[PDB]
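Going down the list, the protein sequences come from chains B and G.
For the first sequence, the authors' numbering gives the first residue as 1, with consecutive numbering after it.
For the second sequence, the authors' numbering gives the first residue as 1, with consecutive numbering after it.
Cβ atoms here follow ideal geometry from the backbone N, Cα and C, with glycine treated the same way.
Written out below as C-alpha cells is the structure these notes cover.
Protein chains: 2
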Amino acid sequence: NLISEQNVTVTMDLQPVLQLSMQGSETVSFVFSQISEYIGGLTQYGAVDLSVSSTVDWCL
Amino acid sequence: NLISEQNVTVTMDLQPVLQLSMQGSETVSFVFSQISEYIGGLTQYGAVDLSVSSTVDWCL
Numbered sequence: 001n002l003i004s005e006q007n008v009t010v011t012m013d014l015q016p017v018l019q020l021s022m023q024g025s026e027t028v029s030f031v032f033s034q035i036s037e038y039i040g041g042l043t044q045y046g047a048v049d050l051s052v053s054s055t056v057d058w059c060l
Numbered sequence: 001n002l003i004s005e006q007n008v009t010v011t012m013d014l015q016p017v018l019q020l021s022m023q024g025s026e027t028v029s030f031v032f033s034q035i036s037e038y039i040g041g042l043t044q045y046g047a048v049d050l051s052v053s054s055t056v057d058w059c060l
C-alpha cells in the first residue's frame, strides 16, 4: 500500500454584496409662492428611484 | 583413535539497520495575508510522511 500524495487547499469566501443605487436629485425643493400651492401643495412624481443589489435577504 | 581434522571459523555480525526516510517538503511555509487566514489559520494536510526501517525495537 505504497502512497505518494499531493494536497491542494481550496479557500472559498462569499463576500456579501450590498448596494443601494439611487437615481434622481439629492435635493428635493418645494417652493410655495401661489395661493393654490399653499392650499393644495406641490406633488412631485418620480423624484427619486432606488435599485437594490444584494446577496442575502434584505429589508428596505 | 587416529585423528585428522580441519577447522573453519565462522564469524556472524548482526549490524543494526536504522533508517528514517522522509518524503515531502523540508520547508513548510505558512503565509497569513487574509483576515480569514489570521482568525482560523492554515491547515496543511499530508505535509510530511515518515517511513521506518529497523531491526530492533524502536520508538519514534
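Between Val52 (chain B) and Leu18 (chain B), the alpha-carbon positions lie close to 8 Å from each other. Against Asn7 (chain B), the close residues of chain G are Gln44, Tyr45, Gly46 and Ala47, in the order they occur along the chain (beta-carbon pairs closer than 9 Å). The beta-bridge partner set that DSSP reports for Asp57 (chain B) is empty. For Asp57 (chain B), none of the residues of chain G pass the 9 Å Cβ criterion, the least Cβ distance being about 23 Å. Taking the beta carbon of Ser36 (chain G) as reference, the chain B residues within 8 Å of it are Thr11 and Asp13, listed in sequence order.
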